[PDB]
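Notes follow once the structure below has been shown.
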Amino acid sequence: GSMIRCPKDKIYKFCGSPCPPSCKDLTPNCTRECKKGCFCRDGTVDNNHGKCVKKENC
């Protein structure tokens, strides 16, 4: 087959957001659409360091 298996830190989705949940904003306001690709794992947010980590680090 032909599929790019993204890193274990990420997950492939058919719908995602260019603005993911973060430690700075748990739900950023965006006029975004469903983006197809690999985003951070559910429950893993963009911290204030620029990395997706567990919400416990927020």
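The way I read the labels, and the way they are meant: chains A, B, ... in the order of the structure tokens, residue 1 as the first residue of every chain, and ligand 1 as the first ligand shown, with later ones counted on from there.
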Spatial neighbours of residue 13 of chain A, 7 Å, only C-alpha atoms, chain gap at least 3 places, as a list in words: residues 16, 36, 37 and 38 of chain A
- Query: Which neighbours of residue 20 of chain A fall inside 10 Å, counting only C-alpha atoms, when residues of the same chain fewer than 2 positions from it are skipped, and could you give them as a ChimeraX atom specification?
  - Reply: /A:16-18,22,25-28,30,39-40,42,44-46,52
ask   = Using only C-alpha atoms, which of A:24, A:5, A:10, A:55 sits nearest residue 43 of chain A?
value =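 Among the listed residues, the smallest separation from residue 43 of chain A belongs to A:55.
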- Query: Hey, what does DSSP flag as strand (DSSP E or B) within chain A? Can you give it to me as an NGL selection string?
  - Reply: :A and (10-13 or 22 or 37-40 or 44-46 or 52-54)
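Between residue 54 of chain A and the candidates A:33, A:9, A:14, A:1, the tightest atom-to-atom separation, counting only C-alpha atoms, involves A:9.
Proximity ranking of A:23, A:15, A:3, A:34 relative to residue 47 of chain A places A:23 first, based on only C-alpha atoms.
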